[PDB]
Amino acid sequence: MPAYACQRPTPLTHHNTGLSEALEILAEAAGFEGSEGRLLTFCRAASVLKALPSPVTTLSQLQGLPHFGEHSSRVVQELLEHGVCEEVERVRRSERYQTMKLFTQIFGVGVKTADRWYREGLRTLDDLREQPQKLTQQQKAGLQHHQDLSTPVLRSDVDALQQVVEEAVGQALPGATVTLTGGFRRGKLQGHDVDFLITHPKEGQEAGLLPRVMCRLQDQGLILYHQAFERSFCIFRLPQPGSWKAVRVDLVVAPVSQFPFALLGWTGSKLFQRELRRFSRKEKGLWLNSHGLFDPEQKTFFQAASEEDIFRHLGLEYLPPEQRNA
DNA sequence: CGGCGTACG
DNA sequence: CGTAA
DNA sequence: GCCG
Ligand SMILES: [Cl-]
Ligand SMILES: [Cl-]
Ligand SMILES: [Cl-]
Ligand SMILES: [Mg+2]
Ligand SMILES: [Mn+2]
Ligand code: NA
């Protein structure tokens, strides 16, 4: 078992679901306290279990696995022996965990804002609605639409949204393409938003595209919320039988020269990409982002025509999107 | 012990 | 500060 | 919290 998530296939469904979910609770709780190192270790330990070929049944099977030390092993031991880990259950029922989770789930609210509200004594969404002076326009939209945004986005919703986005993109710039990214490209059947990556086969023609796309979607009445730019974090109006629902949609534009890097980055998972960028820099001395891959010694950028190119330039076996579910 | 991804709005 | 994978 |  290699130490970095980008070195091993991680399927969407696996054989250690309960164990990984418990470790991810502790990772999430660490993030709510600003403990980014412990968040990473618990996320990585969870991801290792996702990559295993069969269930962990005995504590000895953790021997030699990367990112399992005293603490993560004790969590697993307790789950194996008792079906529950006292620390995990204590986190789950804690007022701090439940409120930070509730607040950070709001679009426009991060850990720092949620924590300040928590310290001020706020605990519920109606507490926030009662004092709208302390809310940004973004947070107001996130709170108004919070119920719909808490409802899973289905693969059926995705096809309908993609046709609508393609219509606007085609008028904004004939020839431009729309690619489904994020968790749905990794094979997820549900999500909390839909991610699209837009480009054009003629380098440079994509400049200034996203404002033109957004204006057209807005004129169709499809935009419930949005803020020169190349990423848009929108709330869309999605038809439903006899009604509609709000759905988060992310639109991103990249020039075709960068498209493989943007596709790789926006396909995720989030942990997979952090691990890939960490691997690139620490193991290969190369600097990776969603625009390119930089050699800081030669001061040169690697040209890539495909995701396969990028895995090759990093010395990694190719993983299709369905095996990037770290 | 230092390090822990790297961008854009 | 928020957002993104 | 764990790795190197
Ligand atoms: Cl930490
Ligand atoms: Cl409607
Ligand atoms: Cl980036
Ligand atoms: Mg997504
Ligand atoms: Mn998204
Ligand atoms: Na949030």
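All values below were derived from every heavy atom in this structure, side-chain atoms included, with hydrogens, water molecules and symmetry-related copies excluded. Throughout, protein chains are lettered first and strands after them, A, B, ... in sequence-line order, and every chain is numbered starting at 1.
Comparing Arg44(A) and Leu210(A) by the nucleotide of DNA chain B that holds the closest heavy atom to each, the one mapping nearer the 5' end is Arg44(A).
A straight line from CD of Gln273(A) to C1' of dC4(B) spans 16 Å, rounded to a whole angstrom. In this structure, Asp115(A) atom CG and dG2(C) atom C1' are separated by 16 Å, rounded to whole Å. Look at CZ on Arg186(A): it is 9 Å from P on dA5(C), rounded to the nearest Å. Whole-Å rounding puts the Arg278(A) CZ to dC2(D) P distance at 14 Å. Here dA5(C) presents its P atom at 20 Å from CZ of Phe261(A), a figure rounded to the nearest Å. Between the CH2 atom of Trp266(A) and the P atom of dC8(B) there is a distance of 11 Å, given to the nearest Å. The distance between atom CZ of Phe294(A) and atom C1' of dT6(B), rounded to the nearest whole Å, is 15 Å. As a whole-Å value, the separation of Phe42(A) CZ from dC3(D) P is 12 Å.
Listed pair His291(A) / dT6(B) fails the phosphate criterion, with no side-chain N or O lying under 4.0 Å from OP1 or OP2. Under 4.0 angstrom from either OP1 or OP2 of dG1(D) there lies no side-chain N or O belonging to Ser35(A). For the OP1/OP2 pair of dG1(D) and a distance below 4.0 Å, the side-chain nitrogens and oxygens of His71(A) include at least one atom meeting the criterion. Under 4.0 angstrom from either OP1 or OP2 of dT6(B) there lies no side-chain N or O belonging to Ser290(A). Considering only side-chain N and O atoms, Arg277(A) lies nowhere under 4.0 angstrom from the phosphate OP1 or OP2 of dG5(B). OP1 or OP2 of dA7(B) sits under 4.0 Å from a side-chain N or O of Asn289(A). Side-chain N/O atoms of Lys282(A) include none lying less than 4.0 angstrom from OP1 or OP2 on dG3(B). Regarding contacts with the backbone of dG5(B), a side-chain N or O of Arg274(A) is found under 4.0 angstrom from either OP1 or OP2. Side-chain N/O atoms of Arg281(A) include one lying less than 4.0 angstrom from OP1 or OP2 on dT6(B).
Every pair passing salt bridge (charged side-chain N to carboxylate O under 4.0 Å, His left out) that includes a residue from residues 249-261 of chain A is listed here, sequence neighbours excluded: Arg248(A)-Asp250(A).
Residues meeting the side chain to side chain donor-acceptor pair (under 3.5 Å) test with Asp195(A), sequence neighbours left out: none. Qualifying salt bridge (charged side-chain N to carboxylate O under 4.0 Å, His left out) partners for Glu70(A), counting only residues two or more places apart in sequence or in other chains: none. For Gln273(A), there are no side chain to side chain donor-acceptor pair (under 3.5 Å) partners, not counting sequence neighbours. Taking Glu24(A) as the reference, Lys50(A) meet the side chain to side chain donor-acceptor pair (under 3.5 Å) condition, with sequence neighbours excluded.
Between the side chains of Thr179(A) and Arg185(A), no donor-acceptor pair of N or O atoms lies under 3.5 Å. Of the N and O atoms on the side chains of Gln144(A) and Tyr225(A), not one donor lies less than 3.5 Å from an acceptor on the other residue.
Across all strands, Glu275(A) comes closer than 4.0 Å to no nucleic acid atom at all (heavy-atom distances). Here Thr181(A) lies out of heavy-atom contact (under 4.0 Å) with every strand. Note on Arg324(A): nothing from the nucleic acid sits closer than 4.0 angstrom, heavy atoms only. As judged by a 4.0 angstrom heavy-atom cut-off over every strand, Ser280(A) is placed among residues making no nucleic acid contact. Using a 4.0 Å heavy-atom cutoff across all strands shown, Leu288(A) reaches sugar-phosphate atoms only and no base atom. Looking at heavy-atom distances under 4.0 Å, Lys112(A) makes contact with sugar-phosphate atoms alone, never a base.
The aromatic ring centres of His291(A) and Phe301(A) sit 6.0 Å or more apart.
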Per-nucleotide pairing state of DNA chain D [Watson-Crick or G-U, under 3.5 Å; [ ] pseudoknot-crossing; | other strand]: ||||
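Using a 4.0 Å cut-off between a side-chain N of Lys or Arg and a carboxylate O of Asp or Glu, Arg312(A) and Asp309(A) qualify as a salt bridge.
In this structure, the nucleotide among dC8(B), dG4(D), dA4(C) sitting nearest to the side chain of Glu230(A) is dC8(B). Across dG9(B), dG2(C), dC2(D), the shortest atom-to-atom separation from the side chain of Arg231(A) is found for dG9(B). Comparing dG5(B), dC2(D), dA4(C) by their nearest atom to the side chain of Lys270(A) picks out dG5(B). Distances were taken from every side-chain heavy atom of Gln138(A) (C-beta onward) to each of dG9(B), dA4(C), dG2(C); the shortest belongs to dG2(C).
One P atom belongs to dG5(B), the other to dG4(D), and the distance between them is 15 Å to the nearest Å.
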